[PDB]
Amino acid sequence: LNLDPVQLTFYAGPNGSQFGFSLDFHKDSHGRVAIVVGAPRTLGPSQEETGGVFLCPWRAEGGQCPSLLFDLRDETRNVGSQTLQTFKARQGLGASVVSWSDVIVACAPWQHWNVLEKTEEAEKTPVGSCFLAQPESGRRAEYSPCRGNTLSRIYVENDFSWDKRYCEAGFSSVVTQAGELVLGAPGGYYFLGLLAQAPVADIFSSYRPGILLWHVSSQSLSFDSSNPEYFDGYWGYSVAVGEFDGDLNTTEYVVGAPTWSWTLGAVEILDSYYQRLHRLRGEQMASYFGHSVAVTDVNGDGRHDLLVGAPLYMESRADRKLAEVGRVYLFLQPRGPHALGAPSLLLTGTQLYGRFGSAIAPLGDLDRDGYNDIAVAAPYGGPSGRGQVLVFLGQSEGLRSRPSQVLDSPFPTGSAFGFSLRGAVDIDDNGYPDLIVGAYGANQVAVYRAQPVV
C-alpha cells in the first residue's frame, strides 16, 4: 500500500555477474542495517565465473558496493593415501545468501568435489558448499556437509544408498533465531533431496582451513528413502522455519519439494529431527508447487501461517484452455494441535508466463494496522512482461484477495525483477519496514522505502 514507487534506490554490480540473484538484510553488531547481495556469476582470479558476494551500506543514492571476500582458489589435500579436491569454477557463490546476528552465510550450490585414490575416484560432483563470514571481525568459516571420501565402486554396490555426491548444499538456506543454519540440498540422496543443519557457532569452532574433510558433531542431516514418491523430488529446493507444533521450545522446518511424487510437488512441515508433521500436496502436476515457501502470521492471532508458490500453475479458462500464470496458496494455522486444512485463499496470476508466486516475501506490518503483509513476485508479469511485485495486506480472515499496491519493474526486459525478495526490515529507520527487490538479469537491486500511509 505505502511503499514509495517514485524515489527508489538502486545498487548495481558487474555486468553479467547476476548481481541480485539473492539478497538479505544484514545488521552489524551495532544494529546498522546493510544489504548483502549475491552475484553467482561474478568473475574470479582466473577470469572464470565463480560467483561473489557484496555488502552494500545503506545510502539513499545507492551505487556500487564493496566485496565481501572469500577464498576462490581450488584446494588439494593429500591425506590418508587419498587426494581431496575442491573445484570452485562456476560454483555459483552467492546463489543464496542469508544473514543471522552479525554473521553472513553465502553459498555455492554447484561447487564440485572429488576424491582420488590410485586409479579409482569418488566422481567429480556438485556437493555444494557454504561460506560464513563475520565482516566486522574478519572471521571466516566453511560448511560442506555433503563432502565424502567413498569411492564410486562402493555406491554402485550398495545401489547408491545415502549418495550425497550431488547435494548442492546451500541451494536454499535459512537460519533459526537460535542460530542453527539449515541448508537445502535438492540433489541429495540421488536427487531425492536432503536438509543439513548445524549451529553457526559450531561451524566456526570446528572449521580449520586446508582440512577439507572435517566433522561437525552437532550437525544433523535428513534421511534417504526407498519410496519412489520422493525420487527426483528436489526436497530442499526451498526452505523456511516457523512455529507449527504449539511447542515454543521447538523450531519446525518448512521444506519445498516442487517435483515430489512425479512432479505433483509438495511442501512438508517437520520437527528439528526431520519427522514429518504435515504435508501439503500440489494441485497440478508441473506447476512447481513448493518453488517458494514463506512463513508469517498474516491474520494476527500469533500463529504462523504458510504461503506456498506454484509459479507454473495453469489456470482454467474458456473453451477448455489452460493458461500458465502461477498461483499462491495460503494456509492458516488452526488453533491448537490440528492439521492444516485446505487453503484459506488462492491468489492466481494474470499475465501469461508471468510466473506469479516465484517469490514470496513477508513484509511484516507494512501499513502498521496490526496485521502482517506479504509481497508476491511475478518476474515476467505486468502488461509489458518486464516483471511485477504485488503487495497483499493481512486481515482478520487471512489476506486480502486483491493487491493493495503493484510495483512495476524499473528495469528493461529480461531483468527477472522480483526473482528474489526480502522485506520486514526498516533500513532507513523511519519506523516502517522496507522492501528490497533483486533483478539479476539487470545485475541490480531496487530498494523500496515504506512511507506513512496516505
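Numbers for residues come from their place in the sequence shown, where the first is 1.
Remark: stretch with higher mean C-alpha B factor among 291-299 and 213-221 is 213-221. Between 152-160 and 101-109, the higher mean Cα B-factor belongs to 152-160. Taking the PDB entry at face value, the top CA B factor among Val328, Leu72, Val254, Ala185 belongs to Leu72.
When the Cα B-factors of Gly387, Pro45, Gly38, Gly423 are read from the PDB record, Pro45 comes out highest. Among the modelled residues of its chain, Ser261 has a C-alpha B-factor that falls in the lowest third, as given in the PDB entry.
In this PDB entry, the Cα temperature factor of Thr9 sits in the middle third of its chain's modelled residues.
The entry lists a Cα temperature factor for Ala201 that places it in the highest third of the chain's modelled residues.
The PDB entry assigns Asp305 a C-alpha temperature factor belonging to the middle third of its chain's modelled residues. In the deposited entry, the Cα temperature factor of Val447 places it in the lowest third of its chain's modelled residues.
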